[PDB]
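Residue numbers (the authors' numbering), protein chains in the order written: chain BF, 1 to 7, 11 to 69, 79 to 120, 138 to 168, 193 to 225, 230 to 246; chain BW, 2 to 63, 65 to 110; chain BU, 2 to 118; chain BV, 1 to 100.
We put the CB at the ideal spot given by N, CA and C, even for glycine.
Working notes, structure below.
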Amino acid sequence: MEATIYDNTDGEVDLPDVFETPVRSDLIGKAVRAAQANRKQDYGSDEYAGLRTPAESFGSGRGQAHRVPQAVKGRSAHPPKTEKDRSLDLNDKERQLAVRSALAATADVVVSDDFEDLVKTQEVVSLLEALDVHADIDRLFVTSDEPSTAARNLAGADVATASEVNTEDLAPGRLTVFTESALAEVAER
Amino acid sequence: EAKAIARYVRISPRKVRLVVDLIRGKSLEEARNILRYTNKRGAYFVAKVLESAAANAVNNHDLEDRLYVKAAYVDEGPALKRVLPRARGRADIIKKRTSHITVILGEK
Amino acid sequence: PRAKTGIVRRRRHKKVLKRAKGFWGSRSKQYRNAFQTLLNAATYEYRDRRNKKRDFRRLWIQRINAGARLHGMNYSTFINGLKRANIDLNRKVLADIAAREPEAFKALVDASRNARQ
Amino acid sequence: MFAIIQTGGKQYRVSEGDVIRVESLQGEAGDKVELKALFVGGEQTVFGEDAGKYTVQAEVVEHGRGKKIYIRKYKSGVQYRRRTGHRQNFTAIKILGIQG
RNA sequence: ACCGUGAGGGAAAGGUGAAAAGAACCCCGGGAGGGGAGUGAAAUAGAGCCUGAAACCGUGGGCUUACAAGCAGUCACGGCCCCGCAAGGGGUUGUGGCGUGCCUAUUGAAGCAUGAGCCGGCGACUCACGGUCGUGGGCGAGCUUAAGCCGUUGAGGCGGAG
RNA sequence: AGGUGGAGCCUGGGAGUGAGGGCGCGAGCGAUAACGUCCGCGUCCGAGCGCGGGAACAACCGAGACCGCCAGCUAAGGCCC
RNA sequence: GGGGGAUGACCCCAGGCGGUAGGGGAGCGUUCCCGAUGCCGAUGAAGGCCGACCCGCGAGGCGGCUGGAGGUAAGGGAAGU
């Protein structure tokens, strides 16, 4: 539906059943999730130290009791185990799915191919004053196959491609635009 | 009114304590003979912390004599953790419980 | 993943402490038996919580006698006569009366004695 | 000015000094309201009569406020590994002793 | 540094300030250290000198103490003392009234069974690969290895042995 | 049959103790001796089946502890102090 | 559990509610990663010091004094709690 065409005074495109649809928060986040995930890092606390030194835990029958943990700086107890499998491979289907319905959420904004041409990050200050606001606030670049040159740089960068530009992408709250070839990712859809 | 003092004071906080607990709240000049002719150490000391006391005042805190010690006290701190005979094996240290020494000198 | 619990525990304690009036020499600040002594005091209060209302059931008990007898008789008499009552039955306040308003008390005292014999 | 009726509980010995009164969330709501309170303790100006003589007339007092639990704590504890804590309840809405 | 002949063990201890402008001079004093002046936004920021809590030692004040028992104490009633949430509460208790601490292991515990002198901080059901039920949800044939490519942010997307 | 009323049955995940005593009774042993032990029928306690009583006393008689200090009837047990 | 719940909630009565291993449900603060069309503070971050409003609660808020610079997340996520 209200597939608004850029250039504004120019044409209007149709809404693809796809996007249309309802919503699926659950998956929603999920998509999310299986994001940061496969995308964090890792850490831990000494293997040597935390089980590093010799140790004469002391005889006994003397006034004491006993190279392990529970007397200082040393030991750990179950710490950063770098050996901390961090990944989280969501699932294909899963994923894709998300972005989708995801985007669907986006709809709730049409980048005329013709733009795949403009040649200065001050021509953005332009096609800007075209239609600004707060949602632009969000914004969210993206051409269709080979990014929106210079369009890529400014105080809101980010240039997905009609392929490659998912939820991690904008999914977040956010608001943006896609060069047809963009909706070339819809096909991906 | 004014006051005298001094920390890092090597001595039996306690002992000290008796010190004033005497000459305590009383006429200057007066006790000024208590510690002059009393006994146990501290005195000496104690005395001292009365002169830069009587002084400080008149000098920069001002009416002589008519003065005395509205109040006087001592505190311990800093210790002197001291090592002694290894339980003939393990250490046994005492502590010359450093010693603070404040004391008032206000005018009648 | 540091846990410097810190600042926190300390607090708690303060907590209790408060729970910590100035009771007995020590506990006073006894960050233990401090705490303890508590538990104790508590439950105590409790049982006291329901207690009292008793200590009363009796209190009036005497201040009551003080009179119930005064005139000339006990609380197994009165009582009996009292319940001979019909549109009037109470006990608590009764006392704190016999003493507050002599006449008043004095009264019933009669209507009573009678009801009885 | 000093009477002694009795409500869903004696709670009596009054006249005008509004007496913190047991709940009653059905007639109360009535802010500064008026309502009847059976007697049975006629003590006025040094003259008395059966609390059964009474049980005929009575009084009334204006539904004043809604005292909010006057603090009171209940350390529920025991050496027997059982603790816990709940604060006061009993309020009540206040109301003056409308005597008659 | 330190105990060990040796092989070896193996600590503690960081933080003034915007910068020293780091305290000339005068005072009691053998000095250290304390009294003034001066820097200064503040030095109860002052030289191991940011925050600087508790335990623990002091100095004054309120109340309280000499025919009196229990850690405790908490319920009642009373007098002194203060009412920046006033006709209600603060604090302290004189009496009386009912009261065996606290943890582990125990048939059973006040304990005379053990655990702990006091305070502060560390300190104990975790992660991975499997499998196992339950549940949140994507398609019913469902689902992905490893890798190839794409990668301020770095954007996932193809890979079909299993 | 069922007055009841709220236990019952199967499938399935998660368990704990795997050694207790005390009392009445019916038996075993035992000097019909033990706060002895050994099996049974009910209860009892479970570190709270916390409160009442029997002075004090888990525990034996009564009792089932959501909470309400200045209510009311009783239980068992009591009422010269 | 059940009689209608508009999202609350409200009404009846049935109906208990003492509980350690141990089983099920619900909540609280601790340091971090979001800043799901989120940013406060030199007329104080925060910790500290003290309190007769908010909650069954574990905590909250809020006001007075301290102290030199931070970090808070209305919501979901994580864990050396």
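For BW:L29, the enclosing alpha helix (DSSP H) begins and ends at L29 to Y38. The continuous alpha helix (DSSP H) containing BW:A55 extends over residues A44 to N57. Taking the CA atoms as reference points, BV:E43 sits about 25 Å from BV:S24.
Counting only residues of its own chain and dropping the five nearest sequence neighbours on each side, BV:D18 has a CB closer than 6 Å to the CB of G64, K94, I95 and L96. Per DSSP, the continuous alpha helix (DSSP H) segment holding BF:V21 begins and ends at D20 to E23.
BV:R82 is bridged by DSSP to BV:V78.
In this chain, the alpha helix (DSSP H) harbouring BF:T118 covers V111 to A119.
Distance between BF:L30 and BF:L232, taken at the CA atoms: about 20 Å. When 8 Å is used as the limit between beta carbons, BU:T44 is near these residues of chain BV: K75, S76, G77 and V78, in chain order. In this model, BU:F57 and BU:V9 are separated by some 43 Å (Cα to Cα).
Neighbours of BV:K10 in chain BU, taken as residues whose beta carbon is under 8 Å from its own, are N91, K93 and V94 in chain order. Per DSSP, the beta bridge partners of BV:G48 are BV:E43. Spanning the alpha carbons of BW:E52 and BW:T39 requires a straight line of approximately 17 Å. In terms of Cβ geometry, BF:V26 and BF:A116 form a close pair [threshold 8 Å]. Closest option to BW:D77, judged by alpha-carbon separation, among BW:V21, BW:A89 and BW:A32: BW:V21.
Residues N75 and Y76 of the same chain have their beta carbon placed closer than 8 Å to that of BU:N66, with the five preceding and five following residues left out of the count.
For BF:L240, the uninterrupted alpha helix (DSSP H) segment begins and ends at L240 to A244. Looking only at BF:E59, BF:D20 and BF:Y46, the smallest Cα-Cα distance to BF:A68 is reached by BF:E59. Against chain BV, a Cβ distance below 8 Å from BU:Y47 picks out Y74, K75, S76 and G77.
The DSSP-derived three-state label of BV:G9 is strand. Of the candidates BW:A74, BW:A54 and BW:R11, BW:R11 places its Cα closest to the Cα of BW:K98. Using a CB distance cut-off of 8 Å, BU:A105 counts as an interface residue toward chain BV. The C-alpha of BW:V47 lies about 7 Å from the C-alpha of BW:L36. Interface residue (Cβ-Cβ distance to chain BU less than 8 Å): BV:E16 is not classified as such.
For BW:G108, the three-state secondary structure derived from DSSP is coil. Taking CB atoms only, BU:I88 has a neighbour in chain BV less than 8 Å away.
DSSP places BV:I95 within a strand segment (E or B) once states are collapsed to three.
Any Cβ of chain BV closer than 8 Å to the Cβ of BU:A112 would place that residue at the interface, and such an atom is present.
Our two residues, BF:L147 and BF:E221, have alpha carbons roughly 27 Å apart in a direct line. Against chain BU, the beta carbon of BV:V46 has neighbours under 8 Å at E102, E104 and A105, listed in chain order. BU:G82 is not a Cβ neighbour of BU:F106, given a cutoff of 8 Å. Contact note: BU:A108 reaches chain BV through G48, using a C-beta cutoff of 7 Å and chain order. Shown here, BF:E106 sits in a helix according to DSSP, grouped into three states.
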